[PDB]
Ligand SMILES: CCC1=C(C)/C(=C/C2=NC(=C\c3[nH]c(/C=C4\NC(=O)[C@H](C)[C@H]4CC)c(C)c3CCC(=O)O)/C(CCC(=O)O)=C2C)NC1=O
Ligand SMILES: CCC1=C(C)/C(=C/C2=NC(=C\c3[nH]c(/C=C4\NC(=O)[C@H](C)[C@H]4CC)c(C)c3CCC(=O)O)/C(CCC(=O)O)=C2C)NC1=O
Ligand SMILES: CCC1=C(C)/C(=C/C2=NC(=C\c3[nH]c(/C=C4\NC(=O)[C@H](C)[C@H]4CC)c(C)c3CCC(=O)O)/C(CCC(=O)O)=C2C)NC1=O
Ligand SMILES: CCC1=C(C)/C(=C/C2=NC(=C\c3[nH]c(/C=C4\NC(=O)[C@H](C)[C@H]4CC)c(C)c3CCC(=O)O)/C(CCC(=O)O)=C2C)NC1=O
Ligand SMILES: CCC1=C(C)/C(=C/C2=NC(=C\c3[nH]c(/C=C4\NC(=O)[C@H](C)[C@H]4CC)c(C)c3CCC(=O)O)/C(CCC(=O)O)=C2C)NC1=O
Ligand SMILES: CCC1=C(C)/C(=C/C2=NC(=C\c3[nH]c(/C=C4\NC(=O)[C@H](C)[C@H]4CC)c(C)c3CCC(=O)O)/C(CCC(=O)O)=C2C)NC1=O
Ligand SMILES: CCC1=C(C)/C(=C/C2=NC(=C\c3[nH]c(/C=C4\NC(=O)[C@H](C)[C@H]4CC)c(C)c3CCC(=O)O)/C(CCC(=O)O)=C2C)NC1=O
Ligand SMILES: CCC1=C(C)/C(=C/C2=NC(=C\c3[nH]c(/C=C4\NC(=O)[C@H](C)[C@H]4CC)c(C)c3CCC(=O)O)/C(CCC(=O)O)=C2C)NC1=O
Ligand SMILES: CCC1=C(C)/C(=C/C2=NC(=C\c3[nH]c(/C=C4\NC(=O)[C@H](C)[C@H]4CC)c(C)c3CCC(=O)O)/C(CCC(=O)O)=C2C)NC1=O
Ligand SMILES: CCC1=C(C)/C(=C/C2=NC(=C\c3[nH]c(/C=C4\NC(=O)[C@H](C)[C@H]4CC)c(C)c3CCC(=O)O)/C(CCC(=O)O)=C2C)NC1=O
Ligand SMILES: CCC1=C(C)/C(=C/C2=NC(=C\c3[nH]c(/C=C4\NC(=O)[C@H](C)[C@H]4CC)c(C)c3CCC(=O)O)/C(CCC(=O)O)=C2C)NC1=O
Ligand SMILES: CCC1=C(C)/C(=C/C2=NC(=C\c3[nH]c(/C=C4\NC(=O)[C@H](C)[C@H]4CC)c(C)c3CCC(=O)O)/C(CCC(=O)O)=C2C)NC1=O
């Protein structure tokens, strides 16, 4: 996975050499930022229950048609509302995982990989997820450099959906 | 492009052989079908304006929110309505091109290639064009084998967008 | 084999695409030509014993040294006559197989492949078989486009040998 | 290994052709020059013990400062003296194989290959063996062609080490 | 790389007998009923995307373990792979239908597929049930009697079902 | 590459207007004489070997410098190469005839062929003469009025000559 | 190839549940002990060549059968190979130390290592002895504390010994 | 690939002992009879085409099922392949004869060839018979005392026969 | 550092010679040498993507935009495009990380070079190439082998050399073997 530690290790493995001081400096920077990163991850996960529901309602408000006009792609049925909750929960869980991993690795492996391929087959408009992630970026409740890390990952997902 | 004529020629070219009776029989079948193909293309282009207008209204009825929701991606503004007409006209024009070419070549080289990237970047939901092409498939006003051919190419576009 | 249907299948398989109307039109052309192809095949097979013997005598007359000059690569012995008859019969039998298959597949798999190696190692000058095939091409006993098809496959064999 | 016979075989095999007269001439030359080389090999094996003893004393005298420093990479201790004798013997033992093989094949297979990494890790200076083998090179007791061919192999090894 | 024609020609070449009248009249029947075959394959290929998508929705509804976290059809990359595999099976079956022979299907798709699935751990039984769902959907849409010149082609539909069944049994 | 149908479609797409009635009529005229195009290609391809052989013997008789020692078409290896390239030109021209357009001929065979011969040191003028020999031989064989349903195929024969001329002018 | 953070995240992804408070405190402890890990890898990498070479000197004498004629370390080339493989194991172990888990050691190495040597004809038991001798060398060089603020780094030494033992047991 | 001299030096290196007198005189005997070895390989390779052709005629005379339609070397393709494989075995055994050892023959020709023929359907027994036919041919052509300075070379022909036999036993 | 330990080659279809005209099972030859129009160049690029990565894993994120533009402007040879696919990070994550060196030799040989391993000894023989030189250098030498230059020149997409009555490598070899499935449930 695209974790800072593993990225340094792979860079050294490409050249078949023992870990040079450059890689060690990189991982040291990761450890120094990890305090803020882990506090941000804790904050997001302990507020996750409110965030997921709020994002669901936000997308329902921004796209009223997604709540009314019939179709499996829409949340016209309670089953569809469950699907919506499940998927926005997936996104929130992945962002917390990326926050703790220190890189985009987790969301790239479990979400972004082939995201475009399937969101067209099942006819899930990416704009829905875009708006939901924007809500989460506005109500995350983090501050300072913790906030900057979390918002960076959220926006990575936003740009990937687009 | 993947025109029957060119397809057989390329198949013989990669095998470094003069065109044998197999390829000649294939292109003969193409010429036998060409009479109906040309008939179908004539029919589609002679009533092109009616088909374009009807398809526009069809998507406006199936998706009411696209006619009111503010934003550039929607046709709430008259400019957007003009753009929508232009696009569905493009689709119909390519259908006629494919009918004349006897293959999917034109469609792949002028529409399908990179279709996902454009419909994702400008936030143009594929379902819109899906519904438009369904209307065209229902109102084409063809009969017999000619209708079969046109329907097949329209559905190729539909499945390519999906 | 290189049969038209299978050739279209393989062409679509290399690109991983379902059989679009291009392939379907090719197979339709094969079926439309099948009427004449089957006529020609029946004509060649029902008269497959007079022509084989006639071609043997034709080669003996054009090249009198091939049945009198001493050696093992000649038809002077009765066993040599049997082998010569078997060879001309093989060419005619392969042409009929290609006529029924619709394509040159049978010819390539059972005859054309490795033709030069055998004609060079066993001292079988191609000219002998060229003349034999010319005799068959002149006395096949067909008319119209069926005659065209017979005289196309036999000429392919001629231009492959030499 | 890189024997003249073997090299000709390999050159013919990579082309896929039967042995032409060029290769046969080369192997003939090998046999013609294999009279003197085999004589030299016989001579050097029959007096092998005396010549290795002389070479051992030669290196002890040329490098007494290594002969006195205590350590694993030195012959100062009696166990190290035994090791030094065996390795000097190894060089002579390989030179006889080289003489019989008529090529540099044994040199590359039993030594030379990875000489740098060994002389870097154990740091056993090649100069030790080089001085011993120069003693051998003058005292070998060959004459004429035997002497010059043996000298050629010996100096190939010496210049290869450096 | 065989079709019906190549199959019969290969038998005839193995025996070494000139094509018999019986073989000729046995293949003329195939050509005479070729337009029906072409229509069937055209209908299945025209609805390919919808067929695979609907069957996939049904499969994940009947076996939720696949789409639950930790299942083999989770993480959205493996979901894409699963959809791709379903459409691949449909594609090779379509090849088999148009050819009229199972040679292509057994030469490329069903030549040891079990081993790959077995090694990766992908549940083969679930794949089989998915193929069967695709079978019923496709056969129904192709045999839809309204919208085409009528005729009796139950035999061809049974052959299509046989191809789907062959794949489902060979992978499971 | 663009065949005739593809060429008209591509031009219409570049301008951005549905194919007009005049273009439709032109394409209908082309398909009305399509059988003639197919017959011509069949006749030329079945005599390929004889065409190239006769033209080669004539070329070496008219320009002996090629087969003289020290010339370009000598040493029996370059003779093989010369025959191979002559038949290559014939093959791509036959492709062009069947297509109805010179795009394939101009994209693979004569595309950057002048530079190739100029670097190799072969006389391009002689190559042009060889192509002309092939032109007369092939046009005679293809326009042979005995053996098939009578009619006027002169327009197509002129088109075939045009392809050969295009190659001959592009190599020299 | 995973790291500590990625390992816990992967287990959490299999479970499909947000990172628990317990996991958070575990990773916080891992970050708390980061500086010592970095120091250890820096120190071992600065002396890597000397470490392996010194251990090798002793290994060949304590196992003379390998360097006697007919043994697996005999000849210059195979001696070079043995040194090379010792250094390879050391390199992948250093990778593992920085990672914090033995995942890298088992992924691109130690996956069938015993079988490879067994097919090559190398005695696996002797390889195990070599790995253990290397293990002693490495634990010693990392556990010679001087020149830096002291701490109880015994945990790091124990986990390094665990990595070396894992390799030794995997090859024998 | 080890020839005779390389084989003895390799065995001596494994033992770690200077080349023994016995091995010296063995290789000296080989060199004294070297002209005979060279002449044998020269005769076999100079008649390679005729050897393979005559052996092929004999094979198809003794086993007519091969050239009967629907057999195992029927069709020009499989005929060419059978001729090719006969010549290939001859080529690698000639290599072995010049070398003086069978290492090349068992490493680059007979190294799994039995499995290849098991899968292909080619009879291993029949190819062994063919190898024996070529053995008789090569032994007879080399044993033509007319045209060469005479002497007793049957001893050297016995090992050529041995190499042919080794191939025949290894192929099935 | 060491002359790669010699391996004994086994008889294979690719090693054998055969005077066959192309079959319907012919691999199909995607050659950029003709400098075909952009639409056909798309097919060629897709075939290389289909070979280095499997059809299964070639998604949008896998697609390198730079590579798409590379092989469009008659740039570095198709061989170098293949090498770029091979050394790309997504390939290392998908293949290199999920297999051991011994299996990696087999996978890369089947896909990049297009021939199966000659024998287990060859799998061992090039495993060290991966280790000492580095995976990037291993694929470098893999596509810089004399065999490769003969097999696919420069502008020819790699293909299975000749799977005559043989299962295609893609359909017999998974992305990773069941051995790594121990990390899966
Ligand atoms: C962990 C990585 C991962 C992701 C992201 C994922 C997404 C995912 N969402 C899906 C569907 C869906 N997702 C939704 C969600 C929504 N409905 C709405 O109204 C909203 C706008 C929206 C929430 C924001 C719906 C309704 C479907 C069903 C689509 C259908 O049946 O047609 C499906 C198809 C199968 C299904 O119906 O569940 C997948 C695979 N699966 C994964 O394994
Ligand atoms: C010839 C092949 C071809 C296609 C297919 C194509 C699509 C295409 N559609 C576009 C925009 C657009 N397409 C629409 C279409 C629609 N609006 C609606 O409400 C409907 C639901 C729908 C019609 C069915 C609209 C409104 C825009 C402008 C969007 C924007 O600027 O944000 C644009 C952006 C440039 C522009 O604004 O024109 C492209 C490139 N372009 C091409 O060259
Ligand atoms: C179906 C594909 C196929 C072909 C074409 C084929 C041809 C073929 N013809 C052969 C021989 C032969 N063919 C002839 C034929 C002729 N004698 C004459 O006087 C005439 C001029 C001429 C007939 C036109 C002769 C004499 C031989 C024997 C050659 C010899 O043993 O020297 C042989 C040598 C092996 C035979 O008995 O052992 C082959 C392989 N075999 C095949 O499997
Ligand atoms: C052209 C013939 C062909 C077949 C049949 C084929 C199968 C095939 N499917 C694969 C992956 C896969 N196949 C599936 C399939 C499924 N997951 C599910 O939940 C379902 C039960 C099932 C779909 C119905 C999945 C999820 C993967 C990805 C596995 C992974 O990367 O972890 C792989 C792994 C290597 C790769 O990704 O390229 C192969 C080889 N490949 C082929 O080339
Ligand atoms: C490009 C390839 C191609 C297509 C697509 C094609 C269509 C085609 N289908 C036809 C007939 C037909 N199609 C059917 C098919 C069916 N009967 C049923 O009950 C089913 C619902 C369906 C089968 C699944 C039948 C019975 C006929 C009339 C008899 C015949 O010619 O086959 C006909 C002849 C009569 C007519 O004009 O309707 C054409 C031209 N022809 C072609 O050459
Ligand atoms: C395998 C593909 C295929 C071929 C090859 C084919 C040949 C073919 N050519 C035909 C006619 C013809 N062929 C010619 C040909 C010529 N007239 C001349 O004066 C020239 C010497 C020569 C052309 C260079 C003409 C004029 C016709 C009648 C009109 C036409 O159909 O084009 C006909 C119809 C009349 C008949 O012969 O029964 C057929 C079936 N049909 C096919 O489906
Ligand atoms: C994935 C990590 C990795 C490992 C583990 C690896 C090991 C490895 N070591 C090898 C050789 C070897 N390895 C040794 C090692 C030893 N010699 C001894 O005397 C000792 C008993 C032992 C050290 C303690 C030797 C001597 C050879 C050469 C064998 C020969 O050529 O005969 C080979 C044989 C093929 C070759 O030389 O390329 C492999 C695959 N390569 C790798 O890429
Ligand atoms: C058959 C080809 C072959 C060669 C050439 C060879 C060289 C060789 N020399 C070695 C060591 C050695 N070489 C010496 C030699 C010397 N000490 C001195 O003071 C002198 C100046 C000098 C004699 C010239 C010593 C003392 C060792 C042992 C070092 C150790 O084990 O640490 C070793 C290490 C293992 C061992 O002791 O055997 C090898 C492998 N090995 C081979 O298989
Ligand atoms: C570029 C890579 C890199 C390195 C090499 C690095 C080393 C490093 N080690 C440190 C301290 C330290 N290192 C140790 C470690 C140890 N305790 C022991 O008993 C052992 C002997 C040893 C483990 C090997 C301790 C206890 C401290 C001081 C307290 C602490 O920083 O946690 C410190 C903080 C104070 C200082 O500068 O000394 C740094 C920066 N930092 C880096 O970013
Ligand atoms: C360098 C060592 C080497 C050998 C020997 C070898 C054998 C070999 N022979 C082959 C072909 C073949 N080999 C035979 C063999 C025979 N049929 C018979 O009736 C005879 C008894 C026998 C001749 C002695 C046939 C019939 C084929 C053709 C297979 C086919 O086209 O279907 C093939 C198939 C693939 C190909 O043609 O490339 C191999 C691998 N390959 C090698 O690399
Ligand atoms: C270019 C490679 C090369 C070849 C081909 C070669 C052959 C060769 N064979 C020779 C003699 C000979 N050749 C034979 C061989 C035979 N005795 C028999 O009964 C058999 C019929 C036959 C075995 C083929 C004998 C007995 C001698 C005389 C003694 C000898 O020199 O070996 C001689 C010495 C006298 C002469 O010039 O003829 C040479 C040079 N030498 C070479 O360097
Ligand atoms: C080193 C990184 C890099 C750059 C920068 C680059 C540029 C680049 N852009 C290209 C295409 C293109 N670029 C455009 C660009 C534009 N059309 C417009 O109306 C706009 C004003 C403008 C966008 C801002 C178009 C339309 C093409 C397609 C031309 C064609 O292939 O037909 C091409 C042709 C081949 C290809 O598509 O790859 C190159 C080489 N290529 C590279 O490898």
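Per the header of the entry, the method used was electron microscopy, 4.2 Å.
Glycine is treated like the rest: Cβ placed from N, Cα and C.
What Swiss-Prot lists as (2R,3E)-phycocyanobilin 1 binding site is F:82. The DSSP secondary structure for residue F:82 ((2R,3E)-phycocyanobilin 1 binding site) is helix.
DSSP assigns residue F:153 ((2R,3E)-phycocyanobilin 2 binding site) to coil in the three-state reduction, outside any helix or strand. Just so you know, the Cβ of residue F:153 ((2R,3E)-phycocyanobilin 2 binding site) picks up 20 other Cβ atoms within 10 Å once every protein chain is counted. Annotation comment: Swiss-Prot describes F:153 as (2R,3E)-phycocyanobilin 2 binding site, evidence class a large-scale study or a structure entry.
What Swiss-Prot records for F:72 is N4-methylasparagine. Contacts of residue F:72 (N4-methylasparagine) defined by a Cβ separation under 8 A and a same-chain sequence distance of 6+ are given as F:66, F:78, F:82, F:121, F:122, F:123, F:126, in order along the sequence. The DSSP secondary structure for residue F:72 (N4-methylasparagine) is coil.
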Contacting recorded positions for ligand 5, chosen from F:72, F:82, F:153 when the Cβ sits under 6 angstroms of any of its atoms: none
Residue F:82 ((2R,3E)-phycocyanobilin 1 binding site): tally of other CB atoms within 10 A of its CB: 22
Where the C-beta lies under 6 angstroms from ligand 6, the matching recorded positions among F:72, F:82, F:153: F:153
